[PDB]
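A.B. asks: Experimental coordinates follow, after the sequence.
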Amino acid sequence: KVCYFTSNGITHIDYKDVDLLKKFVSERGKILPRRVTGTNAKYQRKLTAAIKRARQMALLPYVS
Amino acid sequence: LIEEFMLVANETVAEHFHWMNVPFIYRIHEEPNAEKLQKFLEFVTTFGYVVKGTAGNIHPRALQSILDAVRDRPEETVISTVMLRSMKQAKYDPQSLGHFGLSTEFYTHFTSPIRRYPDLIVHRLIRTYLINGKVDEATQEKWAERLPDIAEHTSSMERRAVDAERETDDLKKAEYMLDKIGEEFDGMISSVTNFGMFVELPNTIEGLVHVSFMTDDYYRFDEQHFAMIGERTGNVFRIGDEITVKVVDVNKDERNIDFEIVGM
Amino acid sequence: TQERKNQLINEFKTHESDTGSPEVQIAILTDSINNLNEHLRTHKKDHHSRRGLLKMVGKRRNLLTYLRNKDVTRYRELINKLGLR
Amino acid sequence: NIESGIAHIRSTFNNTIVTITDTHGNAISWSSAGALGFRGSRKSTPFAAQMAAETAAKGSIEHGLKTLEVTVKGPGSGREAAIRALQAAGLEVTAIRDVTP
Amino acid sequence: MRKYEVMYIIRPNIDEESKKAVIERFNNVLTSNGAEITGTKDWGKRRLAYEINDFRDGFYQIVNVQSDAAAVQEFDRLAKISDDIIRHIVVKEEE
RNA sequence: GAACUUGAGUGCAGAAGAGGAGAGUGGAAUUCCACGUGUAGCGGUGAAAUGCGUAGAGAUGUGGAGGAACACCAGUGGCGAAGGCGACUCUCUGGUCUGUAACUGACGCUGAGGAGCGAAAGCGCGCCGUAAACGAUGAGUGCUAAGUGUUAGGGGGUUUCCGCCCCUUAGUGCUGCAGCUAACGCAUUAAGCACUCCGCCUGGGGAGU
RNA sequence: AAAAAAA
C-alpha cells in the first residue's frame, strides 16, 4: 500500500498526463479513494484537482 | 519457466497426434457453465468491471481482461475466486475438444508419467504409433475401445486426490489455529452468505464470522451486491473489504474456524 | 509585490541592513493598507479581507505610538514622508 | 436505416422499460415487461427485463442497428440481465451509463 | 508577469489550412496583448471523453506563455466567442 | 537614563488550506412549457384496485422553468474570529504554520463602552440583530508522568531515492497519570498548579413579566 | 467452497 507519487518522487501531477490519471479512476471513471490506491493525502488532493481539470477538458470522462 | 516449457511440450505432443488422426488421450477444459458465468458477469458489474461478451460465447481473453484490471486491488482475491467458481473442471477424454483455460485447441498431459496414469498412456501410445509404427486398424480399435474408460476413471481419480489433499490441508490449518484462540488478525472478506461471511487471512487460512457474533445490528443478506447490510446502523460488510477479526473457537474434528469482528 | 517592497525597505531603512525599524515596518504596512483600501473600494462586501485590514491598521498605530514615545523627531519625519496624521 | 443508437433502460421495482433510439434520441423501438404480458412480481424480475430487451432489440435490428450505447435508470434488478440481452441479441455494447436522476 | 498554460480544442471539422489560421490568430492575440509564447505543443486529434457541441473528437493545442492578466483574460474573452475553439482553459503553472 | 533579547514584529527561505470578494465555464441532474421519435399501457404495491390511457401516454430528444447545488474525491481531513466555507478555471485579497536569525529592541496582553461581522431570522435587497450564535467550558502566558493516531512541516540516520528509524514544531484525536471534582469526569487541546485582564452568577416561581 | 498448472 505505497504512494505512487512519493515512490517515484513525483512532486507535480499534470492534468495533461491522462495515462497516469487513468490509474486512479475507476472504470466508471469515479475517482478511487485513498485507502484503495495507497496515495498520500498530500497527493490525493493534487490528484483530485488534476482529474477534475482533466474532466473539464474532456480528457477523462465524468461517467463511463 | 518450467511451467511454460512443460506447457509447450504438452501442446506440441497433442498437436502432432491430432493431425496423425489416431486414438489418443487429451486433457480438455470445456467452456464454463453459461448460468454460472452469467452470475459471475453480474457480480463483476457491481465493482464496475464491464466485460465485452455473453455467457454462451465468451472468449478466454475477455476473462483475462478482468484479471488484469483488478490486479493489485482489494477485490482481486474474490473476483478471481468468483470467476473460478464459474469455470468447469478440466478432465481427460479421447476426443480433441480444446483447453479453455489455456485457450488452446490441442493439449495433453505428457510431462509427468511417474505420477499420472494419463501421462503414462501417452508414453505407450507414443511408443506404439511413432517408434514402433503400429498404425494398423486392429491396434487403433483396441485403444479406441479402452481410452473412454481410462479417461473417465483417471479423471475421477484426480478429483478424489484433490478433494483428499484439500481435506488434509483444511485439517492442518485448523490444527494450526487451536493455539491462536483470542488473537487478532487482519484479513479480507472472501465470501458472504445468508448465515455469515468468511474471512481469509494473509497465510490463506479461512474462518467464518457467523451472523450471531455480529451483535451490533440485525444483518440482512443482499444476494445481488454480495453483502451483509445492517438495518439500523447502515454498516455494509462486502466481499473484498479488509477487516480485522479475532479467533473465537477452533474445532479440529469439524475443520471450523469461528471469528468475531473487532473493527473494519 | 516583492520588488516594490524592496524599494520601500531601501527608502526608509535607518541603516544598511535594517528591515525591523518601525519606519521600515510602518512604511511596509502603509503600502499594504493602501493597497488593501484599494481592494475594498471595488470589493465592498469582502468582509474577511477587511478584518485583515483592521489588524494591519492596528499594528500600524501601535508601532507609530511606540515610535512617538521612543523618539519624537523620527516620528515627525516619518509621518510627513508617508503622509499620516 | 441507422446503425448507432442508445438503449434507454428504465428498471423500476415494478417494471423494466427498454427504449432504443438513434443518437438524436428519436425512438426506433421499445418493449417492456408489461408489453410482453408479465404481471405483478414477474414484471420486476430480471428475466422479464432480459425478455424486454430482446423484444426491443429485435425491433431495432429490423431498422438495422449494430452498436448500442446503453443508459440505465432506476434501482430495479433488470439492468444487468437486460444489458446482456442486448449483447446476446447481437448488438455490441460500446459503453453503459447510469443516468438515475 | 507569470507563466500560464493555455490549452484548447479546435473543432474537428476543419482543414490544416483553417487550423493554422486559428493557431496564428490566437497566438497573435496573446503576443498582441503583451504576452510571449514559450512553448506550443500540438497534441493533434484525440477522442473527446464526451460530446462537446456534437463533436466526438477535436484538435488540442497547448500554449505555454508568460503574460499579465490582460493577455490571458483577452484570450479568455475571444476563446468564448469563437466557434472554432469549442473548449479551453487557462491555467497558472508551477510559479 | 542607558543597555540586552528570550516577548512581540518586520526580513529572508519554505508549506498547506472548501478563508473571502469578483468573472466565466463545466457536466450532470430536476421537471415547466412548445416541439420530433414514439406505441399502448404505464403507473399504482398484498396487487390490483385508486388510478390513469392509443386525442400515443410510460418512455426518447431540441429549445425550456433558469432557478438551485456540485455525484466520486470526502477524512472528528483542511481553512476561518464566529456564523461558516466542497465543480473547475481566472482576477483581487486575508490569515496560519515551518526554517534561519538579517534587523527591530518590550514595540506586549486584556479590553467596559464603541465600531464591525453575524440563523430559520421577522418584515419590507434593506431592515431585523437576536440565536445550544454551548466541546454547556473568556482571552493571554508559564509550569506539571506517559502511550498512540492523523494533517502541514523541519533536522539527522543510512538512504540511489523511496525506504523505514528517530528527535523536533504547529494543529487536530483517542487513552492515561499527578492533581483537581460533589460525583460524573477533566487530564500538556486541564475542568491541574500560577499570574494579568474581561464578561457573568447569588433559592424557585412571579417574570424576561 | 469451487480454476489452471505444478509437485
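C.D. replies: Noted; the coordinates are in hand. Residues are numbered from 1 along each chain as shown, chains lettered A, B, ... in the order given.

A.B. asks: mind listing what the residue nearest to residue D:51 when sequence neighbours are not counted touches?
C.D. replies: Spatial nearest neighbour of residue D:51, excluding adjacent residues (C-beta to C-beta, 6 or more residues apart in numbering or on different chains): residue D:36 at 5.6 Å. Bear in mind the C-beta positions are built from the backbone N, C-alpha and C, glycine included. When contacts are counted by C-beta atoms under 8 Å, 6 or more residues apart in numbering or on different chains, residue D:36 is found next to D:48, D:51, D:52, D:55.

A.B. asks: residues contacting the last one?
C.D. replies: If I follow you right, that is residue D:55. For residue D:55, the contacting residues are D:18, D:31, D:35, D:36, by C-beta under 8 Å, 6+ apart.

A.B. asks: Where does chain D get nearest to RNA strand F, residue-wise?
C.D. replies: residue D:25 (2.1 Å; C-beta to the nearest atom of the strand).

A.B. asks: State the number of residues packed around residue E:46.
C.D. replies: Burial of residue E:46 is recorded as 15 neighbouring residues (other C-beta atoms under 10 Å in any protein chain shown).

A.B. asks: helix or strand right after the helix or strand harbouring residue D:6?
C.D. replies: According to DSSP states H and E, residue D:6 maps onto strand D:4-11. Once the chain leaves strand D:4-11, the next helix or strand it forms, by DSSP H and E, is strand D:16-21.

A.B. asks: Is that next one in proximity to chain B?
C.D. replies: No - remark: strand D:16-21 sits outside contact range of chain B, by C-beta under 8 Å from any C-beta of the partner chain, the gap being at least 14.7 Å.

A.B. asks: do stretch A:32-50 as well
C.D. replies: Yes - counting by C-beta under 8 Å from any C-beta, chain B is contacted by stretch A:32-50 at residue A:36.

A.B. asks: Which stretches in chain B count as strands?
C.D. replies: With DSSP state E as the criterion, chain B has strands at B:26-28, B:91-93, B:184-193, B:196-200, B:206-210, B:219-222, B:227-230, B:236-238, B:242-251, B:256-263.

A.B. asks: list the helices and strands the second one packs on?
C.D. replies: If I follow you right, that is strand B:91-93. strand B:26-28, helix B:137-176 (3 or more C-beta pairs under 8 Å, 6 or more residues apart in numbering or on different chains; DSSP states H and E).

A.B. asks: Packing partners of the longest one?
C.D. replies: So the one you mean is helix B:137-176. Helices and strands touching helix B:137-176, by 3+ C-beta pairs under 8 Å, 6+ apart, are strand B:91-93, helix B:117-126, strand B:256-263.

A.B. asks: how big is the angle separating that helix from strand B:206-210?
C.D. replies: Interaxial angle of helix B:137-176 relative to strand B:206-210 (axes from the mean of the first three to the mean of the last three C-alpha atoms, to 10 degrees): 60 degrees.

A.B. asks: Where do the strands of chain D begin and end?
C.D. replies: D:4-11, D:16-21, D:27-32, D:67-73, D:92-93.
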